[PDB]
Each structure stands twice: as structure tokens, then as C-alpha cells.
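Structure file entry27.txt with compact mmCIF, C-alpha atoms and all ligand atoms:
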```txt
# COMPACT_ATOMS: atom_id res chain seq x y z
CA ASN B 33 94.61 73.88 152.76
CA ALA B 34 98.33 73.13 152.25
CA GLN B 35 100.93 72.27 154.89
CA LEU B 36 102.24 75.86 155.20
CA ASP B 37 98.72 77.30 155.42
CA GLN B 38 98.03 75.00 158.40
CA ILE B 39 101.28 76.07 160.04
CA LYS B 40 100.28 79.73 159.54
CA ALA B 41 96.79 79.11 160.96
CA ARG B 42 98.30 77.40 164.05
CA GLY B 43 100.66 80.38 164.37
CA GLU B 44 103.46 77.92 165.15
CA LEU B 45 106.09 75.81 163.50
CA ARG B 46 106.22 72.45 165.27
CA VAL B 47 109.76 71.10 165.36
CA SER B 48 110.75 67.81 166.94
CA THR B 49 114.23 67.50 168.36
CA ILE B 50 116.44 65.62 170.83
CA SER B 51 118.26 67.36 173.68
CA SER B 52 122.04 67.83 173.10
CA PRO B 53 124.61 70.73 173.13
CA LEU B 54 124.85 70.45 169.28
CA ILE B 55 121.11 70.24 168.63
CA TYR B 56 119.00 71.77 171.38
CA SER B 57 120.23 72.58 174.90
CA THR B 58 118.50 74.39 177.76
CA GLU B 59 121.27 74.15 180.37
CA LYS B 60 120.80 77.90 180.99
CA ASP B 61 118.22 80.68 180.43
CA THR B 62 118.97 81.08 176.69
CA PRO B 63 118.51 77.83 174.74
CA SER B 64 121.29 76.86 172.31
CA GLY B 65 122.30 74.37 169.64
CA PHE B 66 122.68 74.52 165.88
CA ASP B 67 119.30 72.93 165.14
CA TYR B 68 117.57 75.20 167.65
CA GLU B 69 119.11 78.40 166.19
CA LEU B 70 118.40 77.41 162.62
CA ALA B 71 114.82 76.40 163.51
CA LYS B 72 114.25 79.74 165.28
CA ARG B 73 115.44 81.65 162.20
CA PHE B 74 113.24 79.48 159.96
CA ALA B 75 110.15 80.10 162.20
CA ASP B 76 110.95 83.85 162.09
CA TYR B 77 111.30 83.61 158.28
CA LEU B 78 107.82 81.99 158.07
CA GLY B 79 106.31 84.49 160.53
CA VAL B 80 105.32 81.92 163.22
CA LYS B 81 106.35 81.04 166.76
CA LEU B 82 108.74 78.14 167.20
CA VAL B 83 107.35 75.24 169.24
CA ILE B 84 110.10 72.72 170.11
CA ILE B 85 109.33 69.22 171.35
CA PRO B 86 112.39 67.24 172.49
CA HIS B 87 112.07 63.46 172.34
CA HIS B 88 114.46 60.70 173.21
CA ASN B 89 113.63 58.15 170.59
CA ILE B 90 114.35 58.55 166.90
CA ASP B 91 111.69 56.01 165.78
CA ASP B 92 109.16 58.08 167.68
CA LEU B 93 110.38 61.25 165.90
CA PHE B 94 109.70 59.67 162.52
CA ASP B 95 106.28 58.38 163.62
CA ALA B 96 105.32 61.93 164.79
CA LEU B 97 106.48 63.35 161.48
CA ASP B 98 104.37 60.79 159.64
CA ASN B 99 101.33 61.39 161.87
CA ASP B 100 101.48 65.21 161.35
CA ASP B 101 102.17 65.71 165.08
CA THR B 102 105.16 67.80 164.05
CA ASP B 103 106.24 69.69 160.91
CA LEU B 104 109.91 68.77 160.66
CA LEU B 105 112.68 66.86 162.42
CA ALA B 106 115.78 68.79 163.52
CA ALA B 107 117.75 66.45 165.69
CA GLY B 108 121.29 65.91 164.37
CA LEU B 109 120.01 63.08 162.18
CA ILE B 110 122.37 61.28 159.89
CA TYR B 111 121.24 60.29 156.42
CA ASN B 112 119.39 56.98 156.57
CA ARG B 113 118.00 55.45 153.34
CA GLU B 114 115.33 53.49 155.33
CA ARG B 115 113.70 56.75 156.38
CA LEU B 116 112.91 57.71 152.76
CA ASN B 117 109.80 55.59 152.54
CA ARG B 118 107.78 58.21 154.43
CA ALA B 119 110.22 61.13 154.73
CA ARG B 120 112.50 63.37 152.68
CA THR B 121 115.70 65.04 153.68
CA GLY B 122 116.33 68.77 153.57
CA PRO B 123 119.73 70.07 152.48
CA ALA B 124 122.88 68.68 154.22
CA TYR B 125 124.25 71.07 156.88
CA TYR B 126 127.49 69.55 158.09
CA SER B 127 129.14 66.17 158.34
CA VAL B 128 130.18 64.04 161.31
CA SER B 129 132.20 60.86 161.73
CA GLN B 130 130.99 57.97 163.95
CA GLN B 131 133.35 57.21 166.90
CA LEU B 132 133.45 54.47 169.57
CA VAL B 133 133.68 55.96 173.04
CA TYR B 134 134.93 54.37 176.28
CA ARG B 135 135.64 55.81 179.74
CA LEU B 136 139.23 56.79 180.78
CA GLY B 137 140.43 54.44 183.54
CA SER B 138 138.73 51.43 181.93
CA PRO B 139 140.45 49.30 179.24
CA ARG B 140 140.84 51.04 175.88
CA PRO B 141 139.46 48.79 173.17
CA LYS B 142 141.62 48.50 170.04
CA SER B 143 138.83 47.37 167.69
CA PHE B 144 135.38 45.75 167.77
CA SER B 145 137.12 42.38 168.39
CA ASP B 146 138.39 43.66 171.72
CA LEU B 147 135.20 44.85 173.48
CA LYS B 148 134.49 43.50 176.98
CA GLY B 149 130.93 44.78 177.45
CA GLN B 150 128.05 45.66 175.19
CA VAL B 151 127.97 48.71 172.98
CA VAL B 152 124.58 50.39 173.31
CA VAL B 153 123.28 53.02 170.82
CA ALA B 154 120.02 54.94 170.48
CA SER B 155 117.16 53.02 168.79
CA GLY B 156 116.61 54.04 165.12
CA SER B 157 119.89 55.93 164.86
CA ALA B 158 122.24 55.64 161.92
CA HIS B 159 124.66 54.34 164.61
CA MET B 160 122.40 51.25 164.83
CA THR B 161 122.60 50.65 161.10
CA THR B 162 126.39 50.80 161.27
CA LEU B 163 126.56 48.20 164.06
CA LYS B 164 124.23 45.79 162.17
CA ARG B 165 126.41 46.16 159.05
CA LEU B 166 129.59 45.34 160.99
CA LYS B 167 128.09 42.33 162.82
CA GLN B 168 126.87 40.66 159.62
CA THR B 169 130.28 41.30 157.96
CA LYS B 170 133.62 41.83 159.80
CA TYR B 171 132.56 41.28 163.48
CA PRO B 172 130.16 38.31 164.03
CA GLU B 173 131.03 38.31 167.76
CA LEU B 174 129.77 41.87 168.28
CA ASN B 175 127.45 42.28 171.31
CA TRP B 176 125.34 45.40 170.81
CA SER B 177 121.85 46.63 171.71
CA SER B 178 119.58 49.67 171.27
CA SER B 179 118.23 51.94 173.99
CA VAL B 180 114.61 52.85 173.54
CA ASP B 181 114.50 55.67 176.09
CA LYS B 182 118.04 57.18 175.97
CA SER B 183 119.47 59.56 173.39
CA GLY B 184 123.05 59.46 172.07
CA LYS B 185 123.78 62.29 174.46
CA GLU B 186 122.31 60.39 177.45
CA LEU B 187 124.27 57.28 176.35
CA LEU B 188 127.52 59.29 176.32
CA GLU B 189 126.70 60.54 179.86
CA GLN B 190 126.20 56.90 180.96
CA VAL B 191 129.66 55.97 179.66
CA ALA B 192 131.04 58.97 181.55
CA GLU B 193 129.37 57.80 184.79
CA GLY B 194 130.53 54.16 184.34
CA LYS B 195 127.02 52.73 183.76
CA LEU B 196 127.68 51.67 180.15
CA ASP B 197 131.00 50.44 178.78
CA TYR B 198 130.79 51.89 175.26
CA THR B 199 128.63 53.82 172.80
CA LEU B 200 128.98 54.73 169.15
CA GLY B 201 128.30 58.48 168.83
CA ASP B 202 128.99 61.30 166.36
CA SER B 203 132.25 63.29 166.46
CA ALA B 204 130.61 66.70 167.01
CA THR B 205 128.52 65.63 170.03
CA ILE B 206 131.45 63.72 171.53
CA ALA B 207 133.66 66.83 171.33
CA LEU B 208 131.07 69.00 173.10
CA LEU B 209 130.33 66.49 175.88
CA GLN B 210 134.05 66.04 176.49
CA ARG B 211 134.29 69.64 177.80
CA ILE B 212 131.84 68.65 180.58
CA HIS B 213 132.87 64.98 180.85
CA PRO B 214 136.68 64.85 180.26
CA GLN B 215 136.62 61.15 181.22
CA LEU B 216 134.96 60.45 177.83
CA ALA B 217 137.52 59.23 175.35
CA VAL B 218 137.52 58.08 171.75
CA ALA B 219 138.77 54.52 171.30
CA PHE B 220 138.72 54.75 167.47
CA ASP B 221 136.85 56.18 164.50
CA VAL B 222 134.33 53.86 162.92
CA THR B 223 133.03 55.66 159.84
CA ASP B 224 134.12 58.52 157.59
CA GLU B 225 132.10 61.74 157.44
CA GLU B 226 128.33 61.42 156.97
CA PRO B 227 125.93 64.32 156.37
CA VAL B 228 123.32 65.60 158.78
CA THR B 229 119.94 66.86 157.52
CA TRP B 230 116.50 67.88 158.63
CA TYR B 231 113.57 65.61 157.68
CA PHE B 232 110.11 66.45 156.40
CA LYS B 233 107.13 64.32 155.51
CA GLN B 234 107.12 63.07 151.91
CA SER B 235 104.09 64.61 150.20
CA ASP B 236 102.86 66.14 146.98
CA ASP B 237 102.66 69.40 148.96
CA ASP B 238 105.78 71.58 148.90
CA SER B 239 104.29 74.62 150.51
CA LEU B 240 106.55 73.97 153.55
CA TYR B 241 109.39 72.14 151.79
CA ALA B 242 109.87 74.81 149.09
CA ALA B 243 109.79 77.50 151.81
CA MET B 244 112.56 75.56 153.58
CA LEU B 245 114.65 75.58 150.40
CA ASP B 246 113.99 79.34 149.90
CA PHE B 247 115.04 79.96 153.50
CA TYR B 248 118.15 77.83 153.04
CA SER B 249 119.06 79.81 149.89
CA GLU B 250 118.76 83.11 151.78
CA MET B 251 120.90 81.71 154.65
CA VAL B 252 123.69 80.55 152.35
CA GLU B 253 123.65 83.83 150.38
CA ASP B 254 125.90 86.01 152.59
CA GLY B 255 127.78 83.05 154.23
CA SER B 256 125.49 83.16 157.29
CA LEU B 257 124.86 79.40 157.37
CA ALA B 258 128.62 78.68 157.26
CA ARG B 259 129.25 80.92 160.23
CA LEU B 260 126.48 79.18 162.24
CA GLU B 261 127.81 75.72 161.29
CA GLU B 262 131.38 76.66 162.27
CA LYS B 263 130.25 78.12 165.60
CA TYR B 264 129.02 74.64 166.75
CA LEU B 265 131.78 72.71 164.82
CL CL B 301 121.00 59.25 163.44
```
Rewrite the structure of this file - the entire thing - as C-alpha cells.
Amino acid sequence: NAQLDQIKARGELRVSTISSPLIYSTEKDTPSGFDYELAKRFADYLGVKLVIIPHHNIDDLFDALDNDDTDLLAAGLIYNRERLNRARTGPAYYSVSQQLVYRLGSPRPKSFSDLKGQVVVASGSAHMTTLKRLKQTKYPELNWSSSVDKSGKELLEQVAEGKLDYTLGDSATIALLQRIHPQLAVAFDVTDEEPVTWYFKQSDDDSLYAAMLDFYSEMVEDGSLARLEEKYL
């Protein structure tokens, strides 16, 4: 049978995520996050239980999606053309800018020419693509690396604790973490707004994908998706 039939027979919609106040947070009894809330409503729409699996590594998320270990990715993921070989994006929900973060009390960098330490980002993130682009063009001196086991949220926490000098994160996540870690500061903006979307496996089977688009249509219809977006942004 088709993808949706299998989901219905499992009685569960398997969604892979990353822990963050914007995506999926369990810092108290009731979980929260935009991706979590939208995924719950989607599971309800399909008539199945939601099964969330938070990961740390984006490359792993895409491998799971390709291996049918999960049904969709809902993890604050920025559009990345390299992911289209095996995956397809759902509709765009909101946009975020990429910002370079440093810790208050330490020197404020003025540009990528002025960094003292390394900038570390999450492996497979769109943040990584941006750094590669800049190093091959305007900043040959740029010292950067990728973290295989830390998320953008965990990387921001490291900057806050003084264990990492800088990270390149998204504007929405930075804003939320700042209310818990006021020592996090923006040195400068790096990119203009980029859209966030869910990802699904590319297949000739649209039993799930078409349902996702039907669900999205219903959500937009009375301005309900806008309200939800604005609540977390
Ligand atoms: Cl990303």
C-alpha cells in the first residue's frame, strides 16, 4: 500500500525534529514549539497519534527520511537545494535571517574579517552552506567547522556559557534563547530572510504529500496558520 495507508496501519505519524523553543520544546509538562503544534494538528487531521523523535544532526534527519524511519522532517529547516535529490519541501511557513552571535563581555566582531576564534555551526545546516559560500568568495581567512552532535540551539547555549566564541544561527531561535540567555548578542546579520519548510521523501506516491497540502489549505483558510506563526515569531 501507499505511504498514507502505512501511516494509518501504524496508527502513528512519525515526525523527526530537533529540540528548540521554536521547533519542539519539553522544558515543562506541555510540549511547545511551532513545528510541534503544527505536527500535532496534522496528526489529528490524519487521525493518527503523533510520534516525535528529536535528533541533533540534520544529515541524520535526511537519512532517516530517506530510509523510511520517519514520515516527515519538521525541524526549522531552511531551504537547501542539495536536499532535493531525495527530498521535497512542503509549503514555506515563515522566514528567518541568519545572524552571527557572540557573548556579551567578549569582543564584538565587526565582520567575518574580525573573528578571533572559530565559528561552529550544526552539520548539514543551511548555516554551513552560507559559511562555505563566504569562505570561497569574500572571506578566505574564515575559520569555521561543523558540529556533528550539537544542534543550533545547543551551539547557542555553548556561546552563552563561554565554550564557543561564535555561531551562525537563525533570527527566530536567537530571539527566543535570548530571553533565557541575555548574554547572547547579535554581532551582525549575515543573510536576508530565507524560508523554512517541512521535508518529505521524494516519491511517486502523494498519498501523504497531497494530504499535507490539503491540511495546509484548511489551516490557511480562516487565518489559523498566520496566528500560529505569529505566536512563535
Ligand atoms: Cl537548516
#### Entry: Shell of 9 Å around ligand CL 301 (chain B) (only C-alpha atoms and all ligand atoms), written as a list in words
residues 90, 107, 108, 109, 110, 111, 112, 154, 156, 157, 158, 159, 160, 184, 202 and 228 of chain B
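Across the model, the gap from CA of residue 223 in chain B to CA of residue 174 in chain B is 16.5 Å.
Using all atoms listed in the file, the nearest neighbour of residue 35 in chain B within the list B:146, B:246, B:98, B:103 is B:103.
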### Task
Identify which of the residues B:204, B:245, B:55, B:151 lies closest to residue 122 in chain B, counting only C-alpha atoms when measuring atom-to-atom distances.
B:245
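Across the model, the gap from CA of residue 239 in chain B to CA of residue 36 in chain B is 5.3 Å.
Distance-wise, CA of residue 241 in chain B and CA of residue 126 in chain B end up 19.3 Å apart.
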Could you give me, as a compact mmCIF listing (two decimals) with C-alpha atoms, in the frame of the given file, the residues within 8 Å of residue 46 in chain B, counting only C-alpha atoms and dropping anything in the same chain fewer than 6 positions from it?
```txt
# COMPACT_ATOMS: atom_id res chain seq x y z
CA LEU B 82 108.74 78.14 167.20
CA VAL B 83 107.35 75.24 169.24
CA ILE B 84 110.10 72.72 170.11
CA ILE B 85 109.33 69.22 171.35
CA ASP B 101 102.17 65.71 165.08
CA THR B 102 105.16 67.80 164.05
CA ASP B 103 106.24 69.69 160.91
CA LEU B 104 109.91 68.77 160.66
```
### Within 9 Å of file point (126.6, 68.1, 172.0), counting only C-alpha atoms, expressed as a PyMOL selection string
chain B and resi 51-57+65+185+204-210+264
### Message
Measuring between all atoms listed in the file, which one of B:88, B:263, B:211, B:140 shows the shortest distance to residue 69 in chain B?
### Response
B:263
### Query
Which residue, B:179, B:138, B:234, B:249, has the smallest gap to residue 99 in chain B when you use all atoms listed in the file?
B:234
Per residue of range 184-205 of chain B within 12 Å of range 163-168 of chain B, record the nearest atom pair and its distance in Å to one decimal, counting only C-alpha atoms, with rows in chain order and ascending residue number, as a Markdown table.
```
| residue | atom | partner | partner_atom | distance |
| --- | --- | --- | --- | --- |
| B:199 | CA | B:163 | CA | 10.6 |
| B:200 | CA | B:163 | CA | 8.6 |
| B:201 | CA | B:163 | CA | 11.5 |
```
### Task
With a distance cut-off of 12 Å and only C-alpha atoms, select the neighbouring residues of residue 257 in chain B, excluding the residue or stretch itself and same-chain residues fewer than 3 positions from it, and output the selection as a PyMOL selection string.
chain B and resi 66-67+69-70+73-74+123-126+247-254+260-264
